[PDB]
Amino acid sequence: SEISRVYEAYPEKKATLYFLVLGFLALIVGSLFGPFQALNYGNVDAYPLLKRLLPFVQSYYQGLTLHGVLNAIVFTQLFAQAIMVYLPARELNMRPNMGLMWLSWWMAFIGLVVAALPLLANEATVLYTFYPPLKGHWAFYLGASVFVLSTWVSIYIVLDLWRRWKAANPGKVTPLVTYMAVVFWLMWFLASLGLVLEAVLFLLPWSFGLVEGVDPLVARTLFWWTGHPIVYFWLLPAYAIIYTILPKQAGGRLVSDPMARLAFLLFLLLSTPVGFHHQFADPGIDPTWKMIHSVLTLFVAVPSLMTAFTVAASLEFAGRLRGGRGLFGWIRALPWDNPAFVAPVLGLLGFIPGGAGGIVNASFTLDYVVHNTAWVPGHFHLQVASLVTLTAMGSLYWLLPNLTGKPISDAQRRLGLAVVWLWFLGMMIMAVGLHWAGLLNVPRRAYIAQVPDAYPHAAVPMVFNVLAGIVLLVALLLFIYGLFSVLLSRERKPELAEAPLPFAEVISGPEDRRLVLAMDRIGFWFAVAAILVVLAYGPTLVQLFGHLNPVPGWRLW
């Protein structure tokens, strides 16, 4: 059933743009629920308008559950399986198992479908974190469960066409994109353990019928095992594009490939053993395990601190190369007309307050000041809804023509670039209002608009959330209209469909071999990665699994 020879010699080009369109679909219907949530956090009850316009929506909380799952869980994993298979693919000029990269999409698809149905019909409105005792349909804890395991297919695929390539190429260090990709996918295996343990061992027995209750401490001390590295799971495909494709959209070179390895290496070692940072306010977990976990989280920040110097060093060198001038001429020198450039560069800027917020959340006792306030969705919109979501958006404008001929028009370029700026400016304004609101104590996950008189001190950041709501609709509407317009043209020109993935040269230095070589002992680093997990999680997960105090699940909705 294939054809136009571009899609012939590379049919994973097809296996990519399917993932990359289910992932966008999910992002569309999720982000609809979004401006409705902003108006709320700006004391404006726009839910009459929603229940008329989507009479299937029951509660404020139904949509947040959709907002959560479709955006953070679903949009991101698929964009991750797109970029992080198809990249070690196009680099290596090899073909991923064409059969297995289809046990993925189907697998994910019906797994998505089997979760979509009970959510769509009020049966698992337990928010994107399903913390027991809240319980939902068997089909939810089945669907999202099948959906995540889809990734295990990805780990094999990629490890596989790595270990293939290795054999044909003895003595030759692993390629940059593939190296990225291999530590990435390994780290995620070691991390999916939790959300699968909790799914098999508790969520599925409990929800099918075979136990009457789950222990909340462990369901949650397990959920966060995964819950944390999964955001570094959503991050690194974007760090992929930024270290290896963005310096050339800029007119430059990735200045140090050893560093752009050391970062990924470091995410392999330290993304998983951290979850207590989400449990600072839980009982029945020791202050010293929280503390070892605090300090470790402050370390999962070093590779991003470094990511900052390397990416700036790089954009700046590109900028000087086009005649950029004094201390700041280089910003003005860059291609501020290519949304594939503008998109992830605006996201990187919003990332400076996001990471700062992160470094507070991590700081053990300081999480008491802002835990479960609006400060937290303030922090993570700057991280996943702005940086991560934006890179992707802007990577429809170089990754899309490179997957189905259809080129990008100067009508489309100028709508890709207005979309991107409004969604960035929207996000910043929501950052202020949400951070400021949390500091004034406004809770998170709350229909506060129904209690319009309870947070008088939040008067002025509430005006900010309203502005940010309007603006993200004007950007969500132009982006929907936009996303169809590109991949609903006839147009299919197959030439820029074989213009090879626009990677970057890589200012090679003498220091490269001792360093690179060291980090290429993948198998060994993977052994350190799963010993840190055993040192951090074991003494607790085991003085726990031998103290289980399970409890009836409740449906309050």
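One rule holds for the numbers: they count along the sequence shown, beginning at 1.
Per the PDB record, of the two stretches 6-14 and 536-544, 6-14 carries the greater mean B-factor over its C-alpha atoms. Relative to its counterpart among 483-491 and 370-378, 483-491 has the higher mean temperature factor, C-alpha atoms as listed in the PDB entry. The residue among 399, 430, 446, 333 whose C-alpha carries the highest B-factor in the deposited model is 399. Highest C-alpha temperature factor among 351, 165, 455, 436 per the entry: 165. When all modelled residues of the chain are sorted by CA temperature factor, residue 70 is found within the middle third. Looking at the C-alpha B-factors along this chain, the one for residue 278 belongs to the lowest third. Looking at the C-alpha B-factors along this chain, the one for residue 141 belongs to the highest third. Residue-level temperature factors show residue 303 in the lowest third of its chain, judged at the C-alpha atom.
Ranked against the other modelled residues of its chain, the C-alpha B-factor of residue 412 as given in the entry falls in the highest third.
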